[PDB]
Amino acid sequence: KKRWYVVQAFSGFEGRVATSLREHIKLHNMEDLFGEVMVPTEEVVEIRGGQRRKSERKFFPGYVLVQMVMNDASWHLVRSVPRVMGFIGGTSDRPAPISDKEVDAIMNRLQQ
Amino acid sequence: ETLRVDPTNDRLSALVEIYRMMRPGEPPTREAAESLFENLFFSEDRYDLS
Amino acid sequence: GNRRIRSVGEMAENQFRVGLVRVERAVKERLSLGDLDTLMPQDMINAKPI
DNA sequence: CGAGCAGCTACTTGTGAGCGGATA
DNA sequence: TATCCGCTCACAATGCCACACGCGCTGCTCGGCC
RNA sequence: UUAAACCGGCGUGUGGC
């Protein structure tokens, strides 16, 4: 079962970290074990009124929790790409992901 | 004595223990222990004996 | 006989290699997604980090 | 729009105490 | 199940004075209550 | 309300005792 594991990374370039993680998936055709990135930094203000239009299209913590059924080779893959500061979770280093109710919560956050 | 004090005997478990000592945890399955042990001493990029 | 002296040249070369590995990582991250026949090999590299 | 975060070492030595630990 | 043996970490390392220098760039994301 | 009066933080390097 492709669970939704949460991971923290080198912030700032978090979107580019997600794209590099995707490139590393598609390199070793890891889409069998893996899913997508779910970076729902999608608070979508567009107040493009007078005197200012630069609206903050992005708002979400720097977590890029990825759907995947975890394997130790998969863990060392997601750690092999740079900018993976913390693969968080209660464990030595092999964690348990967030439950499905928070999957519904992140669906709400995406839709909003 | 250095052999009998070593809890691991095969290269497999030896790699697991040397990885646990190198990087605390990160449990591999014959994937990252060997890679790190080969990249630590035998890689020309991370070893520059002139 | 067991102590070696390094002059300005060796330390400058060490710092240059420290910058070169960083710009190598940069051009590796830039080439991982770059396509063919789009640019000249000038924007792939940067001068501010070195 | 402004501000904050962030990405582009290996010889110190001693002294001491607290914490496994191992060994009957 | 008690008693040394060894592992691991904290804490410390004369005092003053004088001089000088350097303490970054740009992109993203988040904070919103004058 | 009015007048007068006053208003070195850090690191680094070097050197000396």
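Residue numbers (the entry's author numbering), protein chains in the order written: chain A, 6 to 117; chain B, 349 to 398; chain C, 449 to 498. Where is the CB? At the ideal position from N, CA and C, for every residue including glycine.
Closest option to residue 63 (chain A), judged by alpha-carbon separation, among A:49, A:33 and A:91: A:49. According to DSSP, residue pairing for residue 73 (chain A) in a beta bridge involves A:8 and A:39.
Contact of residue 477 (chain C) with chain A by beta-carbon distance below 9 Å involves 21, 25 and 87. Contact with chain B is absent for residue 58 (chain A), since none of that chain's Cβ atoms lies less than 8 Å from the residue's Cβ.
Under DSSP, residue 91 (chain A) forms a beta bridge with A:13. One alpha carbon belongs to residue 101 (chain A), the other to residue 95 (chain A), and they sit about 7 Å apart.
Check the Cα spacing between residue 497 (chain C) and each of C:459, C:458 and C:472: the tightest is with C:472. Within the model, the alpha-carbon separation for residue 26 (chain A) versus residue 387 (chain B) is close to 22 Å. In this chain, the alpha helix (DSSP H) harbouring residue 457 (chain C) covers 456 to 479. Per DSSP, the beta-bridge partners of residue 68 (chain A) are A:13. Look at the beta carbons and you see the segment 26 to 44 of chain A touching the segment 68 to 75 of chain A: at least three pairs across the two are nearer than 8 Å. Between residue 38 (chain A) and residue 76 (chain A) a beta carbon distance of about 6 Å is seen, short of the 8 Å cut, so the two are scored as contacting. In terms of Cβ geometry, residue 14 (chain A) and residue 108 (chain A) do not form a close pair [threshold 8 Å].
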